[PDB]
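My numbering puts the first residue of the sequence shown at 17, with every later residue one more than the last. Below is one structure, written out as structure tokens; the observations come after it.
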Amino acid sequence: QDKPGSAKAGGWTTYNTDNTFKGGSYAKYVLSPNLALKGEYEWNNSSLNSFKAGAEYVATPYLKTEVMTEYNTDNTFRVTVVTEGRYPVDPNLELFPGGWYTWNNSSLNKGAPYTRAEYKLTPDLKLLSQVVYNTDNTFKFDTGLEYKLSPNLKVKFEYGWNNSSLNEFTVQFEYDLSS
């Protein structure tokens, strides 16, 4: 149904109890089926902003690979790899295999496990729960919700929770480009 050349936009509003506020937006340019381009700009009140960009390569129909490289004022900041796919589940809920990989020049490459669940707690919504567990102990825990009024545009609100940050509230804005 859809055709090549079209792109998708997605705003990201990061708000926290503290005065410090974070804002950014990510978009994916689909030109060909082989691979697609991606870019997410992260701006902040301070002068510590950055820009991450990469590409999305499809190795399998069930498992997809998306290389996301983080660029900064310097030559290079760091390159991370993300792996997502579709996993079956006994019940009605769905299981999404998440994979986080952090590669840098200073430190060594490491790929931590990621578990992303998505289902309807009851109402006609898409509750996305992201949990990160490690061999030692729990890594982090965050929740997310996906809802909308029309198919054209959509909105989602997810909050992160961990020892590092007390409580962060991020709301994504799904909106397809005009051209």
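For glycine and all other residues, C-beta sits at the position ideal for the given N, C-alpha and C.
Q.
Rounded to the nearest angstrom, what separates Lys-44 and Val-105 at their Cα positions?
A. By 1-based counting over the sequence shown, the position of residue 44 is 28. By 1-based counting over the sequence shown, the position of residue 105 is 89. In a straight line, the C-alpha of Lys-44 is about 29 Å away from that of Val-105.
query = Among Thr-159, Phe-155, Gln-17, which residue has its Cα nearest to the Cα of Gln-146?
reply = One-based indexing of the sequence shown puts residue 146 at position 130. Nearest C-alpha to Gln-146: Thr-159.
Which of the three DSSP states is assigned to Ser-41 in this structure? Counting from one through the sequence shown, the residue named residue 41 turns up at place 25. Strand, per DSSP.
**Prompt:** Looking only at C-alpha atoms, which of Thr-30, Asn-108, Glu-72 sits nearest to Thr-138?
**Reply:** In the sequence shown, residue 138 corresponds to position 122, counting from 1. Of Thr-30, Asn-108, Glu-72, the smallest CA-CA separation from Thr-138 is found for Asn-108.
Among residues of its own chain, excluding the 5 on either side of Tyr-149, which ones have a beta-carbon nearer than 8 Å to its beta-carbon?
Within the sequence shown, numbered from 1, the residue matching residue 149 stands at position 133. Excluding positions up to five away in sequence, the list reads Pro-129, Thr-131, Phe-155.
- Task: Look at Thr-30 and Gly-21 and say whether their C-beta atoms are less than 8 Å apart.
- Result: As a first step, residue 30 is located in the sequence shown; it is residue number 14 there, counting from the start. As a first step, residue 21 is located in the sequence shown; it is residue number 5 there, counting from the start. Taking 8 Å as the Cβ cut-off, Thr-30 and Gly-21 do not qualify as a contacting pair.
- Item | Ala-75, buried or exposed, once every other Cβ within 10 Å from all chains shown has been counted against 16 | If you number the sequence shown from 1, residue 75 lands on position 59. With fewer than 16 Cβ atoms within 10 Å of its Cβ, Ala-75 is classed as exposed.
Hey, how far is the Cα of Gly-101 from the Cα of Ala-23? As a first step, residue 101 is located in the sequence shown; it is residue number 85 there, counting from the start. As a first step, residue 23 is located in the sequence shown; it is residue number 7 there, counting from the start. If you draw a straight line from the Cα of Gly-101 to the Cα of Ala-23, it comes to about 21 Å.
inquiry  = Alpha carbons only, please: which of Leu-182, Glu-72, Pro-113 is nearest the one belonging to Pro-49?
reply    = Here residue 49 is taken as the residue at index 33 of the sequence shown, counted from 1. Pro-49 has its Cα closest to that of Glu-72, out of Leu-182, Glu-72, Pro-113.
Nearest to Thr-186 (by Cα), restricted to the options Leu-193, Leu-144, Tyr-175: Against the sequence shown, residue 186 aligns to sequence position 170. Minimum Cα distance to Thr-186 is reached at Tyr-175.
* For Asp-192: DSSP bridge partner residues -> Here residue 192 refers to the residue found at position 176 when the sequence shown is read from its first residue. In the DSSP output, where bridge partners are listed per residue, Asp-192 has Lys-24.
*asked:* Taking the beta carbon of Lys-54 as the centre, do at least 16 other beta carbons fall within 10 Å, making it buried, or is it exposed?
replied: Counting from 1 along the sequence shown, the entry for residue 54 is found at position 38. The residue is buried, with at least 16 neighbouring Cβ atoms inside 10 Å.
For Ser-48, which three-state DSSP category applies? The sequence position of residue 48 within the sequence shown is 32, counting from 1. Coil.
> Per DSSP, what kind of secondary structure is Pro-113 in: helix, strand or coil?
Replying inline: Looking up residue 113 in the sequence shown gives position 97. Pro-113: strand per DSSP, three-state reduction.
### Message
Just verifying my parser: in three-state terms, what is the DSSP assignment at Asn-108?
### Response
To locate residue 108, count along the sequence shown from 1; it is residue 92. In the structure shown, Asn-108 sits in coil (DSSP, three-state: anything other than H, G, I, E or B).
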